[PDB]
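Below is one structure; the comments refer to it alone.
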Amino acid sequence: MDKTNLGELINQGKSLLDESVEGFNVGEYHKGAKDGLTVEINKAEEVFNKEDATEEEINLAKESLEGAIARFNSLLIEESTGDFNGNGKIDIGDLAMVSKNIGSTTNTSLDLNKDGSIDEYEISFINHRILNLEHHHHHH
């Protein structure tokens, strides 16, 4: 069963984008995700079922398949992206960590989306988590 790299990287691909949704919190990404993970598909599926999807197209189509899904996977406000500082703190990372670079493709370690640019996609969660963090007095 050829097209392994494809059928193995795409099966989940079209199932990810079709499972995920652009929203603004855990389980939903901001925007620009539905494309990447699909762009790899549009380019992969065309290979998955391609005839020349031999030794030339597979690896050629798996490239973005192994790097595009890995991206979108952390686009839906990574189930645990809240840890912007990377040490375990969700309160200032929005007004000190993420908002700091905003639009930087070097510090993707704390981008709810991981689109390589601290933008709205990365503020969505905190912006909400901050407000609806507690209802007693303060502190987590």
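Screening the candidates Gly88, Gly103, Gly23, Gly93 for the property of being assigned by CATH to the domain that holds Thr4 and more than 29 Å from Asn5 (Cβ to Cβ) yields one hit, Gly23.
Going by the conditions given, is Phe72 touching a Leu at 6+ places or on another chain (Cβ under 6 Å), under 24 Å from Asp18 (Cβ atoms) and not aliphatic (A, V, I, L, M)?
Values: touching a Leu at 6+ places or on another chain (Cβ under 6 Å): yes; under 24 Å from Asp18 (Cβ atoms): yes; not aliphatic (A, V, I, L, M): yes.
Yes; evaluated as a whole, the condition is true for this residue.
Got at least one residue in segment 39-58 being out of contact with any helix residue (DSSP H, G or I) (no Cβ under 7 Å at 6 or more places or on another chain) and closer than 22 Å to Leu131 by Cα? No, every residue in segment 39-58 fails to be out of contact with any helix residue (DSSP H, G or I) (no Cβ under 7 Å at 6 or more places or on another chain) and closer than 22 Å to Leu131 by Cα.
Restricting to segment 47-71, give me the number of residues that are part of a loop (DSSP other than H, G, I, E, B) and surrounded by 15 or more Cβ atoms within 10 Å (Cβ to Cβ). Break it down into steps so the answer makes sense when it comes.
Filtering segment 47-71 down to residues part of a loop (DSSP other than H, G, I, E, B) leaves 49-57.
Narrowing the set further to residues that are surrounded by 15 or more Cβ atoms within 10 Å (Cβ to Cβ) leaves 50, 53, 57.
Final tally of qualifying residues: 3.
Taken over segment 72-108, the criterion of being surrounded by 16 or more Cβ atoms within 10 Å (Cβ to Cβ) and outside any loop (DSSP other than H, G, I, E, B) is satisfied by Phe72, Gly93, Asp94, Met97, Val98, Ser99, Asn101, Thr108.
What is reported rests on the model, the rules as stated and the sources as named; no laboratory read-out is quoted. We place every Cβ from the backbone using ideal geometry, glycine too, and count neighbours over all the protein chains shown.
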